[PDB]
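Report on the structure given below.
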Amino acid sequence: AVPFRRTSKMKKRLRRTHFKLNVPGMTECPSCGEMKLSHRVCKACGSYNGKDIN
Amino acid sequence: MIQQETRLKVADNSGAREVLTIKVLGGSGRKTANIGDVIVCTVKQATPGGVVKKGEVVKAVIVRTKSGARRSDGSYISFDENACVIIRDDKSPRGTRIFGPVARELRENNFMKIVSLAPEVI
Amino acid sequence: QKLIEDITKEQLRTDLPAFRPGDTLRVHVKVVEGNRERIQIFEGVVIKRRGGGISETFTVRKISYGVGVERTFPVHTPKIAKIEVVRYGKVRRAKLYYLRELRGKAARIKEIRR
Amino acid sequence: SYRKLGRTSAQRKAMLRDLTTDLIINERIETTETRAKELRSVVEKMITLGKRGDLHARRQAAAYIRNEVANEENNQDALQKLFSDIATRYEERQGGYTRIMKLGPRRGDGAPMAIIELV
Amino acid sequence: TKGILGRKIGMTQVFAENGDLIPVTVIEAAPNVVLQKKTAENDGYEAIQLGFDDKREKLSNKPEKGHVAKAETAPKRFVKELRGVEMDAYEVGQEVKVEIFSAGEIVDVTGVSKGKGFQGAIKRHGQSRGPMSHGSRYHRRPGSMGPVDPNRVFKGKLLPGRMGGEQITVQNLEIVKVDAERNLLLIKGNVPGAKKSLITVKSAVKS
RNA sequence: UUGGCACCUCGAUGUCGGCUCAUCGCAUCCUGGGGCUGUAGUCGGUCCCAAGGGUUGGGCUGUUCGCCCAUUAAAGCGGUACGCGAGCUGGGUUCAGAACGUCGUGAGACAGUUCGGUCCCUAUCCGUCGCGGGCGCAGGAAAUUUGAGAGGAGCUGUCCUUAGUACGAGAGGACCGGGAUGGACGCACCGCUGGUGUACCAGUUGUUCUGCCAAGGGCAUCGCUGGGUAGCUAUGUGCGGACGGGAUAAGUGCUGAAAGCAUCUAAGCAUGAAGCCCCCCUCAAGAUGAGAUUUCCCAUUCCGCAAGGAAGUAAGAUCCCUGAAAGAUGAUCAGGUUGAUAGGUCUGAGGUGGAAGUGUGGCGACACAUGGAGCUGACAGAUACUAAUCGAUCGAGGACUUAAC
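Protein chains in written order, with the deposited numbering: chain p, 2 to 55; chain d, 1 to 122; chain i, 5 to 118; chain g, 2 to 120; chain X, 2 to 208.
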């Protein structure tokens, strides 16, 4: 199977639609911020409700 | 569970030793025949003095399988050796005795002579 | 499986003694020919005990006329009338499916009456 | 269900027998995420044998704990550390011995690291 | 035609009256509450919504909290119609339960089948494997699409897909017993749908 | 089909036959229904309608075909690039090797035969089969739907009665109609029968290791067996093609004319098929003709005098997390501390089947007791003990002409 005819410059961009990556769910640490991501321990201070676990 | 080409040892004094299936009789059709199911067969090996000889095409009837007989009451009958009893055009058998134990489901078929000729109908 | 169970707490048959796999018990089987009820004896070696409450099973196996008869049965079914335990047995294992081969002395030698 | 972890059924046993030992020495490990969530199901069985302390109970636990000296200068094996230290601490607790805290992903492969601590 | 709906639990063996052995399901379907009477004077057709297996208030919404106000009971998860009962003998708020059925009522039963996941051409359609030896590389696969001249695949040529997840009626069952003490049905045979799924136990179309 | 012609293709259109997967045409093999019979019943010949469904397991040969074995309601033809090689097999023809007969003086030749002889491709597009993300459906939302339309199913054999009845010299043997039971095919599921089950349990060989014994670990396909729960399942079990309704084909007609009688037809009314349309089951309002009913949240704050535009927000949802009956990922579904969603811990169920250790019998290998003991993967029911914290993002203000209010 060999591609019978080249993809034009429209169809090439129309598969880039869902190809976009997305935001991370991000909030701030109530210790420091800014910012954390959701439910996982920050690199900022390393507190997580709220023990200072480095 | 006795389909085409299944060598069934015989269980009577009719002369035969090993019976080869050809075609289970029911329908278009089927490929299995558990217990009490009439088969068209030949005889591959025989005790040497016998009216049914080697290479003769005479029908037969299963009695036992290593496959189960499933009674409708939970209990299951399953033997350790396959079987045949050989029939001559009506359900009176050509054989004289019928060796070994016998699945009792034959009596619920039309084989009431075959049950009477056989020692442990269980 | 509690509410599975407590339905069938009623018909849990409670007129038989317990038994291990490797032993011999007699079964009293109610058997219909038309129209009466022979209570035919049944005899031989127990093997299987595939469990499950009402769904339990057991297999008495009987050599007869040189031929083995593998026969299962219900653990609480009403057709089994009475159970008479003849032998017990020191048996190493709990599923004796090897003796659907072994005839006949070494089957008997593994029937050590404990 | 259980987790295949991309390892053969013997490779997983050598996988899990190492990590359960390393919680005994370290008190905390930074594995990957499904190396964390799948480790808590074993250690909370393994600490459960610690509370017994039978001569039979220790000989079950030696098949998931290796032979590694845990504390220097006392020469304690990780087998000894369960029945001496850990079981003397968890006679209050009934389950949930190791809480798992997720950390961010790792650089070189994007793998979600995760922190296990006993508690 | 009467019909109630509910969860199932599993399979059992219940012997009865003979030496028999019956393959029996266990159904949780009591009790249903009439939430809304679909009427042909407004909607054209005749039906009754029934709700089942009430849930706690965190799981229920204000559009649906007010929907149970005509029956005046707790919010309730599983809602379906039933076209169409003998009209009516029902009032919105009457707790329909097991008491209708008996040992002898022939019953059709519908439910959403056990989804097995993305399965190939043999398992999804009963298609047959090719030769596993003799140098043949074609096995496990659906094979020839169609002819050459129409230059396309005819719609309906079976292919791999996601097997399961439909709703399946299975007909002509026999309800064994009635347990209004424990809210339990008992139906001969196999009933579609996985463990703890929802199952509508109708009355059949006979005879 | 063998052909004629050479008009697509010799900068390549893979040729025979099998395996899969089919559809379609009926000029019909059955099954449904009828005329005639050189049809007494039974079984036929033959001509009609009828494609809905079924249309087998071999032996032989590369074979299609063909014959034969035995069944069967029957074992239909035929097209679709003599269907189907970017789906497979090369057994033959027609690569080189190699022989045999024949022919030629010889190289070699032969639709004359025979043994051996690299069958390549990551799927671009349209198709097909499943899954999603937008948007629309004159405000946003949550449930349940209706059905225009789309599919699936559509096969039948026995047996017993009716009835040894009609029929028949007799032999032989019913029509119609009921009732039980199969075959094949299909749709489900695991309670039994089983299979499997690589973190379940027991035994065991070699070596290696925890100082040694005892006890265990490693590796040998999981070292090897013998068992096995949950799940996936078939050969296992349950169900299916039912009863119907409505118009029709070929028939069969009742009336009646033209053509005083006659005449199924021209006006008029019927009956009649496994055919058609529904009933049975599945999808389904993207059905832009965007349907329906129930219950919700409301009708903000600012700019633009205005048309309009933003920002904050309710009903609800989404990100994020624990997962599973779901599952490729998305999705669905159970759930997020007025919590059982998952793991653990208990109490169990099933599985394995008598733990270590101790004492005793035995010189010993081993047995016996403590003791259905010990060990347990997803299987059940409790328990906040652990992880589902924090929080964020999205989402309305309902155009206007007319009719009735």
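Just so it is clear, CB atoms sit at the ideal spot from N, CA and C, and this is done for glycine as well.
Just the Cα atoms here: how many angstroms apart are residue i and residue j?
i      : j      : result
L36/X  : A72/X  : 5 Å
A58/g  : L80/g  : 11 Å
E41/i  : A17/X  : 18 Å
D86/g  : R100/g : 18 Å
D55/X  : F79/X  : 8 Å
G54/g  : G97/g  : 19 Å
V192/X : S68/i  : 42 Å
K12/p  : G7/g   : 37 Å
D10/i  : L185/X : 11 Å
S32/p  : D53/p  : 10 Å
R107/d : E74/i  : 20 Å
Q128/X : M164/X : 14 Å
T61/i  : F23/i  : 12 Å
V10/d  : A83/d  : 5 Å
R17/i  : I84/i  : 10 Å
For the alpha helix (DSSP H) holding residue i, just list the boundary residues, first then last.
i      : result
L40/g  : First-last for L40/g: undefined, no H or E at that position.
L20/d  : Not the alpha helix (DSSP H): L20/d falls in the beta strand (DSSP E), residues 16 to 24.
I101/X : Per DSSP, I101/X belongs to no alpha helix (DSSP H) and is neither H nor E.
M16/g  : 10 to 27
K117/X : Run containing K117/X: none; DSSP gives neither H nor E here.
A62/g  : 56 to 62
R14/p  : 12 to 15
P31/p  : That residue, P31/p, is in no alpha helix (DSSP H); it is neither H nor E in DSSP.
How far does the beta strand (DSSP E) with residue i in it reach, from first residue to last?
i      : result
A88/g  : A88/g -> no beta strand (DSSP E), and no H or E assigned at all.
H32/i  : 27 to 36
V93/X  : Per DSSP, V93/X belongs to no beta strand (DSSP E) and is neither H nor E.
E118/g : 113 to 119
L186/X : 185 to 189
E74/i  : 71 to 78
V38/d  : 38 to 46
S68/i  : 61 to 68
Would residue i pass as a contact of residue j if the rule is Cβ separation under 9 Å?
i      : j      : result
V86/X  : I176/X : no
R4/g   : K52/g  : no
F53/X  : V179/X : no
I122/d : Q44/i  : yes
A30/X  : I49/X  : no
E167/X : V113/X : yes
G26/i  : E115/i : yes
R117/i : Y92/i  : yes
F79/d  : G72/i  : yes
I35/d  : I77/d  : yes
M1/d   : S67/d  : yes
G48/i  : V64/i  : yes
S204/X : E58/X  : no
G27/d  : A33/d  : no
*Are the segment 47 to 63 of chain d and the segment 84 to 102 of chain d in contact at 8 Å, needing three or more beta carbon pairs?*
yes
*Is the segment 1 to 16 of chain d close to the segment 34 to 52 of chain d, with three or more CB pairs under 8 Å?*
yes
*Proximal residues, the segment 55 to 83 of chain d versus chain X, C-beta separation under 8 Å*: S72, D73, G74
*Tell me, please, whether the segment 90 to 97 of chain d touches the segment 2 to 9 of chain d by the rule of three or more beta-carbon pairs shorter than 8 Å.*
no
*asked:* With three or more beta-carbon pairs closer than 8 Å as the criterion, would you say the segment 117 to 129 of chain X touches the segment 141 to 155 of chain X?
replied: yes
_Output needed in chain order: residues of the segment 85 to 96 of chain i with a Cβ under 9 Å from some Cβ in chain d._
none
*asked:* Any C-beta of chain i within less than 9 Å: which residues of the segment 96 to 120 of chain d qualify?
replied: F99, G100, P101, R104, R107, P119, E120
*Quick one: any contact between the segment 29 to 44 of chain p and the segment 104 to 111 of chain g, if contact means 3 or more CB pairs under 8 Å?*
yes
*Do three or more CB pairs link the segment 18 to 38 of chain g to the segment 65 to 79 of chain g at distances below 8 Å?*
yes
_Any C-beta of chain d within less than 9 Å: which residues of the segment 19 to 30 of chain X qualify?_
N19, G20, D21, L22
*Residues from the segment 80 to 105 of chain g in contact with chain p, defined by Cβ distance under 8 Å*: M102, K103, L104, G105
*asked:* Between the segment 87 to 99 of chain X and the segment 60 to 72 of chain X, can you find at least three pairs of beta-carbon atoms closer than 8 Å?
replied: yes
*With 7 Å as the C-beta to C-beta threshold (strictly closer), list the residues of the segment 36 to 51 of chain i near chain X in chain order.*
none
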